[PDB]
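Worksheet: the structure to be examined is printed underneath.
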Amino acid sequence: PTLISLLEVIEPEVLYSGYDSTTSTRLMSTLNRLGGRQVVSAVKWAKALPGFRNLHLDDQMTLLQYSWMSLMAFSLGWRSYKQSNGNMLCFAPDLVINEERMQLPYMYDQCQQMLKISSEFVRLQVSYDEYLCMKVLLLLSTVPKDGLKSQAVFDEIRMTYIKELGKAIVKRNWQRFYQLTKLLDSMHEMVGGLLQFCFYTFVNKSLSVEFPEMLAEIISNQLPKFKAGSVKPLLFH
Amino acid sequence: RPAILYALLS
Ligand SMILES: C[C@H](CCC(=O)NCCC[N+](C)(C)CCCS(=O)(=O)[O-])[C@H]1CC[C@H]2[C@@H]3[C@H](O)C[C@@H]4C[C@H](O)CC[C@]4(C)[C@H]3C[C@H](O)[C@]12C
Ligand SMILES: C[C@@H]1C[C@H]2[C@@H]3CCC4=CC(=O)C=C[C@]4(C)[C@@]3(F)[C@@H](O)C[C@]2(C)[C@@]1(O)C(=O)CO
Numbered sequence: 530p531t532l533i534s535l536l537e538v539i540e541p542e543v544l545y546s547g548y549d550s551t555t556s557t558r559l560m561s562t563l564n565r566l567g568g569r570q571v572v573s574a575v576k577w578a579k580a581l582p583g584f585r586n587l588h589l590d591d592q593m594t595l596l597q598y599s600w601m602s603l604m605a606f607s608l609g610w611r612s613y614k615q616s617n618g619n620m621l622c623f624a625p626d627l628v629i630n631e632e633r634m635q636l637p638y639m640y641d642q643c644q645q646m647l648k649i650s651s652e653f654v655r656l657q658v659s660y661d662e663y664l665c666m667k668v669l670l671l672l673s674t675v676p677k678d679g680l681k682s683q684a685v686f687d688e689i690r691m692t693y694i695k696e697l698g699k700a701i702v703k704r711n712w713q714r715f716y717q718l719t720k721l722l723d724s725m726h727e728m729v730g731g732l733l734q735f736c737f738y739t740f741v742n743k744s745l746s747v748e749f750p751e752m753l754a755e756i757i758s759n760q761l762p763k764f765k766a767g768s769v770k771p772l773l774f775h
Numbered sequence: 017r018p019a020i021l022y023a024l025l026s
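Going line by line, the protein sequences match chains A and B.
Those letters in the first sequence? Residues 530 to 551, 555 to 704, 711 to 775, per the authors' numbering, in order.
Those letters in the second sequence? Residues 17 to 26, per the authors' numbering, in order.
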């Protein structure tokens with residue numbers, strides 16, 4: 530039973546937004565609603581990561597808390613790549629963001645950078661096995677500045693998943715590896731933008747943007763810790 | 017500290 534095929538089976542299928550595509557604020561207040569469920573599904577995916585359950589409770593709370601946006605963003609890139617060849621933002625099959633709702637206020641800004649991730653997938657022609665393998669890493673790419681409460685366990689699991697990207701790349711070695719680790723690095727760079735934009739809409743209550751209790755709790759915790767800056771991303775460069 | 021997230025892994 531092959532790891533890479535096993536990844537293929539657990540990867541979440543895409544949620545629908547179930548949206549009435551007939555306002556700059558509903559549009560955001562929908563995406564958060566959706567997002568909350570995605571995070572649910574990404575947690576079930578998390579539990580069903582080989583070796584993930586190896587990690588200690590806190591660390592799991594943490595890795596998810598820290599990389600959650602990242603994974604969400606990454607996969608949105610994948611969708612937008614496979615679905616419109618980089619052309620629109622595809623959140624769910626019903627909710628496609630074209631150039632018309634990009635002109636929706638507030639909104640141009642954050643969405644360029646969601647398309648820029650996808651742009652990376654375009655330029656690089658990433659295969660599916662590759663995608664899966666990297667995403668596993670994003671989960672293990674964002675960690676506290678002050679160690680991890682199972683640092684040895686981690687380092688092993690993280691390595692496992694790299695050797696795994698090795699196999700995945702070989703299937704399609712070692713001039714290409716560079717490029718993708720440069721992309722795995724530049725995620726923390728580009729996600730850090732969305733996370734900000736996220737915290738804005740969150741605490742500036744006078745924008746009447748809604749986030750489901752799921753997202754609510756994770757952000758309200760994750761917010762102060764990230765604001766001071768207790769977070770070091772594991773890079774390759 | 018996040019309630020739902022927790023009850024997931026616990
Ligand atoms: C990526 C490089 C180069 C070696 C390699 O093997 N790279 C692929 C070549 C081409 N193929 C993939 C097709 C292999 C063909 C052989 S085949 O088996 O397919 O016949 C890999 C291979 C072995 C790796 C070290 C060890 O891991 C352990 C340790 C992990 C730590 O975190 C950081 C330090 C250290 C020493 C690692 C550094 C680096 O990360 C190395 C040199
Ligand atoms: C610009 C930020 C980044 C946005 C997120 C980008 C990543 C993402 C992918 C999805 O497919 C579903 C929801 C999310 C997780 C998201 F789209 C929404 O939840 C809204 C979001 C946080 C944001 O729009 C807000 O902070 C608005 O509240």
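From the three backbone atoms N, C-alpha and C, an ideal C-beta is built for every residue, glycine too.
Boundaries of the alpha helix (DSSP H) in which residue i is found, first to last residue
i	result
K677/A	Premise fails: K677/A is in no alpha helix (DSSP H) and is neither H nor E.
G583/A	Segment: none, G583/A is in no alpha helix (DSSP H) and carries neither H nor E.
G547/A	No alpha helix (DSSP H) holds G547/A; DSSP gives it neither H nor E.
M593/A	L589 to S616
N759/A	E751 to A766
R690/A	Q683 to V702
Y716/A	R714 to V741
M634/A	Where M634/A is concerned, there is no enclosing alpha helix (DSSP H), given that its DSSP letter is neither H nor E.
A23/B	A19 to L25
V538/A	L532 to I539
Any non-hydrogen atom of ligand 1 within 7 Å of residue i CB
i	result
residue 710/A	Note on chain A: numbering goes from 704 to 711 directly, and residue 710/A within that interval has no coordinates.
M691/A	yes
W610/A	no
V685/A	no
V702/A	yes
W712/A	yes
Contact check, residue i vs residue j, beta carbons under 8 Å
i	j	result
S556/A	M691/A	no
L647/A	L718/A	no
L24/B	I756/A	no
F653/A	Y693/A	no
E696/A	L532/A	yes
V572/A	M752/A	yes
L732/A	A605/A	yes
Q635/A	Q760/A	no
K681/A	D591/A	yes
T674/A	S607/A	no
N564/A	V741/A	no
Test: residue i CB closer than 8 Å to a CB of chain B
i	result
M752/A	yes
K763/A	no
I689/A	no
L589/A	yes
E748/A	no
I756/A	yes
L670/A	no
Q597/A	yes
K681/A	no
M593/A	yes
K614/A	no
Chain A contact for residue i (CB, 8 Å cutoff)
i	result
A23/B	no
Endpoints, the beta strand (DSSP E) within which residue i is located
i	result
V769/A	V769 to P771
Residue i Cβ short of 7 Å to ligand 2 heavy atom set
i	result
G567/A	yes
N742/A	no
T739/A	yes
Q642/A	yes
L563/A	yes
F735/A	yes
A578/A	no
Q570/A	yes
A605/A	yes
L732/A	yes
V658/A	no
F623/A	yes
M560/A	yes
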